[PDB]
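**Student:** Data: protein.cif, mmCIF, C-alpha atoms and all ligand atoms.
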data_model
loop_
_atom_site.label_atom_id
_atom_site.label_comp_id
_atom_site.auth_asym_id
_atom_site.auth_seq_id
_atom_site.Cartn_x
_atom_site.Cartn_y
_atom_site.Cartn_z
CA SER A 4 -10.72 17.34 4.85
CA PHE A 5 -11.39 16.33 8.04
CA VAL A 6 -10.70 15.60 11.78
CA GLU A 7 -13.15 12.78 12.15
CA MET A 8 -11.01 10.47 10.07
CA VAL A 9 -7.69 11.33 11.57
CA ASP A 10 -6.25 8.16 13.29
CA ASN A 11 -8.99 5.87 11.91
CA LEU A 12 -6.50 3.20 10.96
CA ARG A 13 -4.83 0.55 13.07
CA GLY A 14 -2.90 -2.63 12.61
CA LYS A 15 -0.06 -4.97 13.48
CA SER A 16 3.37 -4.65 11.85
CA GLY A 17 3.43 -6.59 8.53
CA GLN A 18 -0.32 -7.47 8.74
CA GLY A 19 -1.76 -4.32 7.07
CA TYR A 20 -3.82 -1.36 8.16
CA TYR A 21 -7.54 -1.55 8.72
CA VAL A 22 -10.38 0.83 9.20
CA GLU A 23 -13.71 0.23 10.97
CA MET A 24 -16.70 -0.29 8.72
CA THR A 25 -20.26 -1.46 9.15
CA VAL A 26 -22.36 -3.40 6.62
CA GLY A 27 -26.10 -4.26 6.69
CA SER A 28 -29.27 -3.18 8.62
CA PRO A 29 -28.92 -3.22 11.57
CA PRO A 30 -25.17 -2.29 11.11
CA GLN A 31 -22.59 -5.05 11.63
CA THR A 32 -19.12 -3.87 12.58
CA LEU A 33 -16.08 -5.27 10.85
CA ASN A 34 -12.48 -4.21 10.69
CA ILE A 35 -11.52 -3.88 6.95
CA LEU A 36 -7.97 -3.91 5.55
CA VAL A 37 -7.29 -0.94 3.32
CA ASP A 38 -5.76 -2.06 -0.01
CA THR A 39 -4.86 0.15 -2.89
CA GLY A 40 -3.43 -2.94 -4.60
CA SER A 41 -6.76 -4.57 -5.51
CA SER A 42 -10.36 -3.62 -6.27
CA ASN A 43 -12.66 -6.00 -4.46
CA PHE A 44 -14.50 -5.27 -1.28
CA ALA A 45 -14.82 -8.73 0.45
CA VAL A 46 -15.53 -9.96 4.02
CA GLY A 47 -15.45 -13.01 6.14
CA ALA A 48 -19.02 -14.34 5.75
CA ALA A 49 -18.52 -17.70 7.54
CA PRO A 50 -16.59 -19.22 10.47
CA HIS A 51 -12.82 -19.44 10.18
CA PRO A 52 -10.23 -20.33 12.84
CA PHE A 53 -8.79 -16.82 12.53
CA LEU A 54 -12.03 -14.72 12.46
CA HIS A 55 -13.56 -13.37 15.72
CA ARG A 56 -16.66 -12.24 13.84
CA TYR A 57 -18.03 -12.20 10.34
CA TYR A 58 -20.80 -10.85 8.09
CA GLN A 59 -24.20 -12.55 8.54
CA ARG A 60 -26.27 -11.92 5.52
CA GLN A 61 -29.46 -13.46 6.82
CA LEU A 62 -29.31 -10.94 9.74
CA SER A 63 -29.40 -7.97 7.33
CA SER A 64 -32.71 -6.52 6.23
CA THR A 65 -31.01 -4.76 3.25
CA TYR A 66 -28.89 -7.54 1.74
CA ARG A 67 -29.46 -8.52 -1.94
CA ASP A 68 -27.97 -11.65 -3.58
CA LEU A 69 -26.34 -11.22 -6.97
CA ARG A 70 -26.56 -14.93 -7.68
CA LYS A 71 -22.98 -15.10 -8.99
CA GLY A 72 -19.75 -16.40 -7.40
CA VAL A 73 -16.31 -14.78 -7.15
CA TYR A 74 -12.76 -15.66 -6.24
CA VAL A 75 -9.53 -13.53 -5.91
CA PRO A 76 -5.96 -14.88 -5.98
CA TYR A 77 -3.48 -12.42 -4.39
CA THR A 78 0.33 -12.84 -4.29
CA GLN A 79 0.02 -15.75 -1.80
CA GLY A 80 -3.49 -15.85 -0.39
CA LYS A 81 -6.85 -16.24 -2.03
CA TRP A 82 -10.55 -16.45 -1.11
CA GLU A 83 -13.73 -17.27 -2.97
CA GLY A 84 -17.32 -16.50 -2.20
CA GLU A 85 -20.64 -14.97 -3.13
CA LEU A 86 -21.50 -11.64 -4.58
CA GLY A 87 -24.18 -9.46 -3.11
CA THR A 88 -24.82 -5.78 -2.47
CA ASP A 89 -25.51 -4.22 0.94
CA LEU A 90 -25.50 -0.79 2.74
CA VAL A 91 -22.06 0.24 3.93
CA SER A 92 -20.57 3.01 6.01
CA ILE A 93 -17.39 4.13 7.64
CA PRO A 94 -18.01 5.20 11.30
CA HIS A 95 -14.87 7.42 11.48
CA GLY A 96 -15.35 8.43 7.87
CA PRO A 97 -17.47 10.76 5.88
CA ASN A 98 -21.02 10.98 7.08
CA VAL A 99 -22.58 8.62 4.50
CA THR A 100 -24.15 5.31 3.53
CA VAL A 101 -23.75 3.54 0.23
CA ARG A 102 -25.03 0.39 -1.40
CA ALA A 103 -21.88 -1.35 -2.57
CA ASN A 104 -20.79 -4.65 -4.02
CA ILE A 105 -19.57 -7.08 -1.34
CA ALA A 106 -17.97 -10.54 -1.75
CA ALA A 107 -19.23 -12.66 1.08
CA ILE A 108 -16.17 -14.85 1.66
CA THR A 109 -17.13 -18.60 2.15
CA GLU A 110 -13.69 -20.25 1.71
CA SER A 111 -10.13 -18.91 1.97
CA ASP A 112 -6.56 -20.06 1.99
CA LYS A 113 -3.71 -18.19 3.60
CA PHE A 114 -5.87 -15.01 3.48
CA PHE A 115 -6.92 -14.25 7.07
CA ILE A 116 -3.99 -13.94 9.43
CA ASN A 117 -3.89 -15.35 12.97
CA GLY A 118 -2.71 -12.17 14.85
CA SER A 119 -5.25 -10.20 13.02
CA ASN A 120 -8.14 -8.11 14.11
CA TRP A 121 -9.46 -7.61 10.55
CA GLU A 122 -12.25 -9.53 8.96
CA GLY A 123 -12.35 -8.25 5.33
CA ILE A 124 -10.56 -6.13 2.68
CA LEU A 125 -11.35 -2.91 0.88
CA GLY A 126 -9.86 -2.86 -2.59
CA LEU A 127 -9.40 0.73 -3.59
CA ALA A 128 -7.83 0.39 -7.02
CA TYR A 129 -9.85 0.71 -10.24
CA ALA A 130 -12.60 -1.45 -11.87
CA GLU A 131 -10.20 -2.74 -14.51
CA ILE A 132 -8.65 -5.26 -12.08
CA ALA A 133 -11.74 -6.22 -10.24
CA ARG A 134 -12.96 -9.89 -10.20
CA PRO A 135 -14.85 -11.52 -11.66
CA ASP A 136 -14.53 -8.70 -14.21
CA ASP A 137 -14.65 -4.86 -14.71
CA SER A 138 -18.44 -4.63 -14.50
CA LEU A 139 -18.26 -5.21 -10.69
CA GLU A 140 -18.16 -1.54 -9.52
CA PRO A 141 -15.48 -1.03 -6.80
CA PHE A 142 -16.45 0.43 -3.42
CA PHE A 143 -14.79 3.87 -3.98
CA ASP A 144 -16.51 4.18 -7.35
CA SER A 145 -19.97 3.58 -5.78
CA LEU A 146 -19.32 5.96 -2.86
CA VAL A 147 -18.49 8.66 -5.44
CA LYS A 148 -21.39 7.95 -7.86
CA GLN A 149 -23.85 7.85 -4.92
CA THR A 150 -22.71 10.81 -2.74
CA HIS A 151 -21.08 14.17 -2.92
CA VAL A 152 -17.73 12.85 -1.68
CA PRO A 153 -14.92 14.18 -3.89
CA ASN A 154 -13.02 11.58 -5.92
CA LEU A 155 -9.75 11.57 -3.86
CA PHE A 156 -8.54 9.86 -0.71
CA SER A 157 -5.24 10.03 1.20
CA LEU A 158 -3.37 7.62 3.34
CA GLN A 159 -1.05 8.45 6.18
CA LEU A 160 0.38 5.18 7.39
CA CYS A 161 2.44 5.51 10.54
CA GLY A 162 5.02 3.02 11.70
CA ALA A 163 4.75 2.57 15.57
CA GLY A 164 5.34 6.32 16.50
CA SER A 175 1.10 -1.79 16.91
CA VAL A 176 0.81 0.67 13.88
CA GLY A 177 -1.81 3.48 13.25
CA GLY A 178 -2.66 6.05 10.67
CA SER A 179 -5.34 7.91 8.82
CA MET A 180 -7.47 7.40 5.73
CA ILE A 181 -9.03 10.65 4.74
CA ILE A 182 -11.84 9.92 2.43
CA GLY A 183 -12.83 12.83 0.23
CA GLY A 184 -9.78 15.01 0.59
CA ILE A 185 -6.46 16.14 1.93
CA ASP A 186 -5.97 17.08 5.64
CA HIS A 187 -3.27 19.72 5.84
CA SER A 188 -2.56 18.81 9.44
CA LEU A 189 -1.03 15.44 8.35
CA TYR A 190 2.05 16.56 6.50
CA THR A 191 4.69 19.32 6.11
CA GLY A 192 6.48 20.74 3.11
CA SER A 193 4.99 20.50 -0.36
CA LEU A 194 2.96 17.72 -1.91
CA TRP A 195 4.73 16.42 -5.00
CA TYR A 196 2.65 14.65 -7.65
CA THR A 197 3.33 11.87 -10.10
CA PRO A 198 0.87 10.88 -12.87
CA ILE A 199 -1.18 7.76 -12.54
CA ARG A 200 -0.01 6.17 -15.76
CA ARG A 201 -3.15 4.16 -16.42
CA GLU A 202 -6.18 3.51 -14.29
CA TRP A 203 -5.99 -0.14 -13.02
CA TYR A 204 -3.50 -0.54 -10.19
CA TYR A 205 -2.18 2.81 -8.98
CA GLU A 206 0.41 2.68 -11.62
CA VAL A 207 3.30 5.23 -11.68
CA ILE A 208 6.72 5.64 -13.36
CA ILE A 209 10.06 5.59 -11.59
CA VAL A 210 12.55 7.56 -13.75
CA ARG A 211 15.63 7.24 -11.51
CA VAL A 212 17.08 5.28 -8.56
CA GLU A 213 19.91 6.25 -6.16
CA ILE A 214 21.28 4.53 -3.02
CA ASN A 215 23.34 6.83 -0.77
CA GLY A 216 23.41 9.31 -3.64
CA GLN A 217 24.82 6.89 -6.32
CA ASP A 218 22.76 6.38 -9.41
CA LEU A 219 22.07 2.70 -9.98
CA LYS A 220 22.71 3.51 -13.65
CA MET A 221 20.17 1.11 -15.17
CA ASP A 222 18.04 1.68 -18.22
CA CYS A 223 15.08 3.36 -16.50
CA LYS A 224 12.75 0.77 -18.15
CA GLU A 225 14.09 -1.82 -15.67
CA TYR A 226 12.64 0.04 -12.69
CA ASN A 227 9.17 -0.23 -14.30
CA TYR A 228 9.40 -3.73 -15.59
CA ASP A 229 6.67 -4.69 -16.10
CA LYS A 230 4.98 -1.96 -13.96
CA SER A 231 5.47 0.07 -10.79
CA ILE A 232 2.57 0.47 -8.44
CA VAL A 233 1.65 2.04 -5.10
CA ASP A 234 0.16 -0.72 -2.96
CA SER A 235 -0.82 -0.32 0.70
CA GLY A 236 -1.80 -4.01 0.87
CA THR A 237 1.75 -5.28 0.26
CA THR A 238 4.14 -4.79 3.15
CA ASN A 239 7.57 -4.70 1.40
CA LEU A 240 9.36 -2.73 -1.24
CA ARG A 241 9.35 -5.26 -4.13
CA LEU A 242 11.73 -4.69 -6.99
CA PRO A 243 12.23 -6.38 -10.32
CA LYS A 244 14.96 -9.08 -10.34
CA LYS A 245 17.59 -6.96 -12.12
CA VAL A 246 16.81 -3.96 -9.89
CA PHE A 247 16.60 -6.12 -6.75
CA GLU A 248 20.04 -7.53 -7.47
CA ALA A 249 21.63 -4.13 -7.99
CA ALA A 250 20.05 -2.72 -4.80
CA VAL A 251 21.01 -5.61 -2.59
CA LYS A 252 24.47 -5.44 -4.08
CA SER A 253 24.92 -1.74 -2.94
CA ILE A 254 23.11 -2.22 0.30
CA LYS A 255 25.49 -5.20 1.09
CA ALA A 256 28.57 -3.09 0.24
CA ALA A 257 27.39 -0.03 2.30
CA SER A 258 26.91 -2.32 5.34
CA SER A 259 29.95 -4.63 4.78
CA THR A 260 31.53 -3.52 8.12
CA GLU A 261 29.08 -6.15 9.43
CA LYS A 262 28.01 -9.53 7.97
CA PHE A 263 24.65 -11.19 7.76
CA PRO A 264 23.06 -14.57 7.03
CA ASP A 265 21.85 -15.10 3.42
CA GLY A 266 18.34 -15.79 4.69
CA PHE A 267 18.46 -12.20 5.77
CA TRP A 268 18.90 -10.72 2.30
CA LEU A 269 16.29 -13.21 1.01
CA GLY A 270 13.78 -11.79 3.53
CA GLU A 271 13.65 -14.99 5.55
CA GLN A 272 15.47 -14.79 8.87
CA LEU A 273 15.67 -11.84 11.22
CA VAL A 274 18.86 -10.09 12.38
CA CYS A 275 19.47 -8.82 15.93
CA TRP A 276 21.59 -6.27 17.80
CA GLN A 277 21.72 -5.21 21.42
CA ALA A 278 18.71 -2.96 22.29
CA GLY A 279 19.43 0.72 21.38
CA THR A 280 22.52 -0.19 19.29
CA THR A 281 21.16 -1.00 15.80
CA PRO A 282 23.78 0.47 13.43
CA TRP A 283 21.45 2.64 11.28
CA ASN A 284 24.31 4.70 9.82
CA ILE A 285 25.75 1.72 7.89
CA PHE A 286 22.53 1.15 5.97
CA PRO A 287 22.13 3.52 3.06
CA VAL A 288 19.16 5.78 2.10
CA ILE A 289 17.22 4.90 -1.13
CA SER A 290 15.94 7.65 -3.42
CA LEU A 291 13.10 6.87 -5.86
CA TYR A 292 12.63 9.58 -8.51
CA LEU A 293 9.05 9.77 -9.86
CA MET A 294 7.81 11.34 -13.08
CA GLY A 295 6.48 14.78 -12.34
CA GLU A 296 3.65 16.93 -13.66
CA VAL A 297 5.60 19.16 -16.00
CA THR A 298 7.77 18.28 -18.96
CA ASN A 299 11.23 16.95 -18.22
CA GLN A 300 10.52 17.26 -14.46
CA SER A 301 10.51 14.71 -11.64
CA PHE A 302 10.91 14.67 -7.84
CA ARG A 303 12.39 12.23 -5.36
CA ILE A 304 11.27 10.41 -2.29
CA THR A 305 14.02 9.25 0.05
CA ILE A 306 13.45 6.07 2.13
CA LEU A 307 15.54 5.51 5.31
CA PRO A 308 16.78 2.08 6.61
CA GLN A 309 14.25 2.47 9.39
CA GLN A 310 11.60 1.85 6.73
CA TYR A 311 13.13 -1.08 4.92
CA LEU A 312 14.39 -2.88 8.06
CA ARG A 313 11.03 -3.64 9.52
CA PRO A 314 11.03 -4.48 13.25
CA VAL A 315 9.88 -7.98 14.40
CA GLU A 316 9.46 -8.84 18.17
CA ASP A 323 16.90 -7.13 21.77
CA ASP A 324 16.22 -5.13 18.61
CA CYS A 325 15.27 -7.51 15.73
CA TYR A 326 14.43 -6.88 12.01
CA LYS A 327 13.60 -8.37 8.65
CA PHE A 328 14.91 -6.99 5.37
CA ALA A 329 11.71 -5.52 3.93
CA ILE A 330 12.85 -5.39 0.25
CA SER A 331 12.06 -8.45 -1.92
CA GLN A 332 12.39 -9.81 -5.38
CA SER A 333 9.50 -9.40 -7.79
CA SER A 334 8.59 -10.97 -11.13
CA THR A 335 5.54 -8.70 -11.48
CA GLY A 336 7.26 -5.23 -11.36
CA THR A 337 7.93 -2.68 -8.63
CA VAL A 338 5.73 -2.57 -5.64
CA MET A 339 5.86 0.48 -3.41
CA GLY A 340 4.35 -1.21 -0.36
CA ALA A 341 3.40 -0.13 3.13
CA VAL A 342 6.95 0.32 4.29
CA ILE A 343 7.62 2.85 1.56
CA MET A 344 4.36 4.66 2.23
CA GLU A 345 5.06 4.91 6.01
CA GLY A 346 6.18 8.42 7.08
CA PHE A 347 4.75 9.87 3.81
CA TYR A 348 1.36 11.33 3.28
CA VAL A 349 0.25 9.85 -0.01
CA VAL A 350 -2.64 11.47 -1.82
CA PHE A 351 -4.60 9.33 -4.37
CA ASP A 352 -5.97 12.10 -6.45
CA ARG A 353 -8.18 10.03 -8.77
CA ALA A 354 -10.05 13.09 -10.03
CA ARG A 355 -6.75 14.47 -11.44
CA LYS A 356 -5.03 11.13 -12.31
CA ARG A 357 -2.24 11.69 -9.93
CA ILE A 358 -0.69 10.57 -6.71
CA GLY A 359 0.90 13.19 -4.33
CA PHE A 360 3.70 12.51 -1.80
CA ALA A 361 4.65 14.75 1.16
CA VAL A 362 6.74 14.13 4.35
CA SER A 363 4.10 12.89 6.85
CA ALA A 364 3.62 14.31 10.39
CA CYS A 365 4.43 10.80 11.69
CA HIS A 366 7.79 10.78 9.91
CA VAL A 367 10.43 8.13 10.69
CA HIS A 368 13.32 9.24 12.91
CA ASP A 369 17.07 9.26 12.50
CA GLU A 370 19.25 11.58 14.53
CA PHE A 371 21.25 12.60 11.46
CA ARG A 372 19.11 11.94 8.28
CA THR A 373 15.47 12.48 7.14
CA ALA A 374 13.01 10.98 4.78
CA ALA A 375 12.24 13.66 2.21
CA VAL A 376 10.10 14.56 -0.75
CA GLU A 377 12.22 16.92 -2.86
CA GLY A 378 11.88 18.72 -6.05
CA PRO A 379 11.96 19.76 -8.75
CA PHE A 380 14.55 17.69 -10.68
CA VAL A 381 15.17 17.76 -14.46
CA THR A 382 15.02 14.25 -16.08
CA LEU A 383 15.17 13.72 -19.91
CA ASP A 384 13.12 11.19 -21.85
CA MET A 385 10.93 10.12 -18.84
CA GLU A 386 8.46 8.80 -21.43
CA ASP A 387 11.11 6.15 -22.24
CA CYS A 388 10.97 4.78 -18.67
CA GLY A 389 7.53 3.21 -19.11
CA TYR A 390 7.56 -0.48 -20.06
CA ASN A 391 5.65 -0.97 -23.39
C1 LIG B 1 0.51 -9.42 -0.12
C2 LIG B 1 -0.74 -9.30 -0.94
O1 LIG B 1 -1.00 -10.09 -1.84
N1 LIG B 1 -1.54 -8.28 -0.64
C3 LIG B 1 -2.84 -8.11 -1.26
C4 LIG B 1 -3.82 -7.76 -0.17
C5 LIG B 1 -3.75 -8.92 0.84
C6 LIG B 1 -3.42 -8.65 2.17
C7 LIG B 1 -3.35 -9.71 3.08
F1 LIG B 1 -3.05 -9.52 4.48
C8 LIG B 1 -3.57 -11.02 2.66
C9 LIG B 1 -3.89 -11.29 1.33
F2 LIG B 1 -4.12 -12.73 1.00
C10 LIG B 1 -3.99 -10.23 0.42
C11 LIG B 1 -2.70 -7.01 -2.27
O2 LIG B 1 -3.93 -6.89 -2.98
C12 LIG B 1 -1.61 -7.23 -3.30
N2 LIG B 1 -1.86 -6.35 -4.43
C13 LIG B 1 -1.31 -6.84 -5.72
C14 LIG B 1 -2.05 -7.99 -6.33
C15 LIG B 1 -3.41 -8.05 -6.43
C16 LIG B 1 -3.84 -9.26 -7.01
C17 LIG B 1 -5.29 -9.58 -7.24
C18 LIG B 1 -5.89 -9.08 -8.53
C19 LIG B 1 -5.82 -7.56 -8.55
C20 LIG B 1 -5.21 -9.75 -9.71
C21 LIG B 1 -7.35 -9.54 -8.63
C22 LIG B 1 -2.80 -10.14 -7.31
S1 LIG B 1 -1.28 -9.43 -6.85
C23 LIG B 1 -0.63 -5.89 -6.71
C24 LIG B 1 0.21 -6.88 -5.89
#
Rewrite the structure from the file as structure tokens, please.
**Tutor:**
Amino acid sequence: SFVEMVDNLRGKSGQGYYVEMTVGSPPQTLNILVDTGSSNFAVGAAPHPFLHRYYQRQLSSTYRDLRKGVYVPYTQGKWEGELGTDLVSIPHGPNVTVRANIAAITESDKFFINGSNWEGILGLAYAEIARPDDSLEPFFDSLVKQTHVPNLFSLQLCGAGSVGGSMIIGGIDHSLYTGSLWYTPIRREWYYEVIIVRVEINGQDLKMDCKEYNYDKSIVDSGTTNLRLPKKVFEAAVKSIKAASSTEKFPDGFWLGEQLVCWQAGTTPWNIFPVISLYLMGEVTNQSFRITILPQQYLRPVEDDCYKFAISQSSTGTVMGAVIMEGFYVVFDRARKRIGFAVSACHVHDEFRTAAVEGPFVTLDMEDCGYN
């Protein structure tokens, strides 16, 4: 649901995906990063070395001040600014205009990125995690309350098939995937929180208490680049990934996500890097499904062929970031408290292996896999 939004995303590797928006009357055009890992809609509203444009409130006939300040601290970066409401629309989007909350960003630190082409962020997760508090209605919530747009969006993030993709607001576009959608419950409405019931690398169960995979949570987050795994899980995965690829040897800064590794163009040894299967809780009792990630997703290319290890240690739970979401079509079915995965039409290539969404699997005591 529908052709107008196909290919409405762009970006640079490791700097997120953005969609074109306009705010104010007359309309001012900004590129906005699409972030299911937070819930604030915020935009450059003042000069910055890295911004090529920004939101000019005084130039907008429709702007209203909320006379209240705001700040948001992300994993690394943070911004603060001023709350208002203005009229907002997505040009390659549904055909509508909403009055939404906007944080006019006045100061920032390590937020905007030099390469960038985006001037703001669209937090698509739920009011619970919004700043300054849950009474600040998120953008998707206002678009739903104010229009007829169904309460569902879908993200097809593609990986260089200078990245691109689609954000279908309001529905599912059957032209963007193959095979069946498989759905996992949204465990609680705050982040897009899910439960991982099993983990296998090259078909070997990690054999951990399934609570460790969700410790203290597992989320789907398009605003975080890497797959981020709890310490105990990170250690076990890097252990098997090391051993699968031991034929060759790598700097330590490589496994820590720091320094790139290189091979002669067209000779990257993909076969020595294992596939990772994440099993998600399903819709029916004792039933789950798996997504399989290929090394082409977790060895993210940096500009010979050169890559960073795109899995990292977490102390805040599992993060399924952009590299996991790439080559899947991921449906955020808020209306039904579920997230659907299918093989995307921009799926990642290997000459001998494929990324897959497969089910059904039987898995006992999936309830026990949730932390607390
Ligand atoms: C890398 C990163 O941090 N990405 C930002 C998006 C981003 C992209 C970018 F290019 C630059 C940034 F500074 C931020 C994304 O929201 C991360 N989502 C999560 C967190 C959100 C928050 C804020 C709350 C929800 C507590 C208010 C803290 S961790 C769950 C992990």
**Student:** Find, counting all atoms listed in the file, the residue in A:160, A:196, A:331, A:88 that gets nearest to ligand LIG 1 (chain B).
**Tutor:**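 Among A:160, A:196, A:331, A:88, it is A:331 that comes nearest to ligand LIG 1 (chain B).
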**Student:** I'd like the neighbourhood of residue 233 (chain A) as a list in words, where a residue qualifies if any of its atoms comes within 10 Å (using only C-alpha atoms), though same-chain residues fewer than 5 positions away should be ignored.
**Tutor:**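 In the requested format, the answer is residues 38, 39, 40, 128, 199, 204, 205, 206, 207, 240, 337, 338, 339, 340, 341, 343, 344, 349, 351 and 358 of chain A.
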**Student:** Just the residues within 7 Å of region 26-34 of chain A, please, counting only C-alpha atoms, with nothing from its chain fewer than 5 positions along; format it as a PyMOL selection string.
**Tutor:** chain A and resi 21+63-66+89-92+120-123
**Student:** Between CA of residue 73 (chain A) and CA of residue 356 (chain A), measure the distance and give it in Å to one decimal.
**Tutor:**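 About the pair CA of residue 73 (chain A) and CA of residue 356 (chain A): they are 28.7 Å apart.
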**Student:** Please find the residues contacting ligand LIG 1 (chain B) at a distance of at most 6 Å between atoms, with all atoms listed in the file counted, and report them as a PyMOL selection string.
**Tutor:** chain A and resi 18-19+38+40-41+75-81+114+132-134+236-237
**Student:** Which one of A:175, A:42, A:333, A:157 sits closest to residue 190 (chain A) if you count all atoms listed in the file?
**Tutor:**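 Of A:175, A:42, A:333, A:157, the one nearest residue 190 (chain A) is A:157, counting all atoms listed in the file.
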**Student:** For each of A:363, A:323, A:243, A:347, take the minimum atom-to-atom distance to residue 279 (chain A), counting all atoms listed in the file, then give the residue where this is smallest.
**Tutor:** A:323
**Student:** Show me, as a list in words, the residues that have an atom within 7 Å of residue 208 (chain A) when counting all atoms listed in the file, minus same-chain residues fewer than 3 positions from it.
**Tutor:**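 Contacts, with the query itself left out: residues 227, 231, 293, 294, 388 and 389 of chain A.
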**Student:** Quick one: write out the picked residues with C-alpha atoms as a PDB file, in the coordinates of the input?
**Tutor:**
ATOM      1  CA  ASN A 227       9.170  -0.230 -14.300  1.00  0.00           C
ATOM      2  CA  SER A 231       5.470   0.070 -10.790  1.00  0.00           C
ATOM      3  CA  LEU A 293       9.050   9.770  -9.860  1.00  0.00           C
ATOM      4  CA  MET A 294       7.810  11.340 -13.080  1.00  0.00           C
ATOM      5  CA  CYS A 388      10.970   4.780 -18.670  1.00  0.00           C
ATOM      6  CA  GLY A 389       7.530   3.210 -19.110  1.00  0.00           C
TER       7      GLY A 389
END
**Student:** Please report the interatomic distance between CA of residue 280 (chain A) and CA of residue 163 (chain A) in Å with one decimal.
**Tutor:**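 Pair CA of residue 280 (chain A) / CA of residue 163 (chain A) returns 18.4 Å.
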**Student:** Have a look at A:119, A:272, A:188, A:61 and name the one nearest to residue 14 (chain A); count all atoms listed in the file.
**Tutor:**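 Using all atoms listed in the file, residue 14 (chain A) sits closest to A:119.
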**Student:** From the options A:366, A:224, A:95, A:51, which residue's atoms come nearest to residue 108 (chain A), counting all atoms listed in the file?
**Tutor:**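 Among the listed residues, the smallest separation from residue 108 (chain A) belongs to A:51.
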**Student:** Around the point (24.7, 9.0, -5.9), in the coordinates given by the file, pick out the residues reaching within 12 Å, counting all atoms listed in the file, and return them as an mmCIF file with C-alpha atoms, in the coordinates of the input.
**Tutor:**
data_model
loop_
_atom_site.group_PDB
_atom_site.id
_atom_site.type_symbol
_atom_site.label_atom_id
_atom_site.label_comp_id
_atom_site.auth_asym_id
_atom_site.auth_seq_id
_atom_site.Cartn_x
_atom_site.Cartn_y
_atom_site.Cartn_z
ATOM 1 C CA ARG A 211 15.630 7.240 -11.510
ATOM 2 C CA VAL A 212 17.080 5.280 -8.560
ATOM 3 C CA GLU A 213 19.910 6.250 -6.160
ATOM 4 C CA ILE A 214 21.280 4.530 -3.020
ATOM 5 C CA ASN A 215 23.340 6.830 -0.770
ATOM 6 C CA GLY A 216 23.410 9.310 -3.640
ATOM 7 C CA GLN A 217 24.820 6.890 -6.320
ATOM 8 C CA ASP A 218 22.760 6.380 -9.410
ATOM 9 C CA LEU A 219 22.070 2.700 -9.980
ATOM 10 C CA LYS A 220 22.710 3.510 -13.650
ATOM 11 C CA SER A 253 24.920 -1.740 -2.940
ATOM 12 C CA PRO A 287 22.130 3.520 3.060
ATOM 13 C CA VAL A 288 19.160 5.780 2.100
ATOM 14 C CA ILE A 289 17.220 4.900 -1.130
ATOM 15 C CA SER A 290 15.940 7.650 -3.420
ATOM 16 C CA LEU A 291 13.100 6.870 -5.860
#
**Student:** When you count only C-alpha atoms, which of these residues is closest to residue 94 (chain A): A:312, A:8, A:185, A:62?
**Tutor:**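 Under the stated criterion, the closest residue is A:8.
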**Student:** Please, which residues are within 10 Å of (-18.5, -14.1, 7.2) by the file's coordinates, counting only C-alpha atoms, and could they come as a ChimeraX atom specification?
**Tutor:** /A:33,45-51,54-60,84,106-110,122-123
**Student:** For the atom pair CA of residue 111 (chain A) and CA of residue 86 (chain A), what is the interatomic distance in Å to one decimal place?
**Tutor:** 15.0 Å
**Student:** Skipping near chain neighbours, those fewer than 4 positions away, what residues fall within 10 Å of residue 52 (chain A) using all atoms listed in the file, listed as a PyMOL selection string?
**Tutor:** chain A and resi 115-117
**Student:** Once you add 8 Å to each side, what are the centre and edge lengths of the axis-aligned box holding all listed atoms of region 114-125 of chain A? One decimal in Å, as lines of an AutoDock Vina configuration file, if you can.
**Tutor:**
center_x = -7.5
center_y = -9.1
center_z = 7.9
size_x = 25.6
size_y = 28.4
size_z = 30.0
**Student:** Is it possible to produce a file of region 243-248 of chain A from this structure, with N, CA, C and O atoms, as a CSV table (one decimal), in the first residue's frame?
**Tutor:**
chain,number,residue,atom,x,y,z
A,243,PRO,N,24.2,-8.7,23.9
A,243,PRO,CA,24.7,-8.6,25.2
A,243,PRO,C,26.0,-9.3,25.4
A,243,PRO,O,26.4,-10.2,24.6
A,244,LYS,N,26.8,-8.8,26.4
A,244,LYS,CA,28.2,-9.2,26.6
A,244,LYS,C,28.3,-10.7,26.5
A,244,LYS,O,29.1,-11.2,25.7
A,245,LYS,N,27.5,-11.5,27.3
A,245,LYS,CA,27.7,-12.9,27.3
A,245,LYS,C,27.4,-13.5,25.9
A,245,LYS,O,28.1,-14.5,25.4
A,246,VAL,N,26.4,-12.9,25.2
A,246,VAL,CA,26.1,-13.4,23.9
A,246,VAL,C,27.1,-13.0,22.9
A,246,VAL,O,27.6,-13.7,22.0
A,247,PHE,N,27.6,-11.7,23.0
A,247,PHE,CA,28.6,-11.2,22.1
A,247,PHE,C,29.9,-12.0,22.2
A,247,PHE,O,30.5,-12.4,21.1
A,248,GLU,N,30.3,-12.4,23.4
A,248,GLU,CA,31.4,-13.2,23.5
A,248,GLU,C,31.3,-14.6,22.9
A,248,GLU,O,32.2,-15.0,22.1
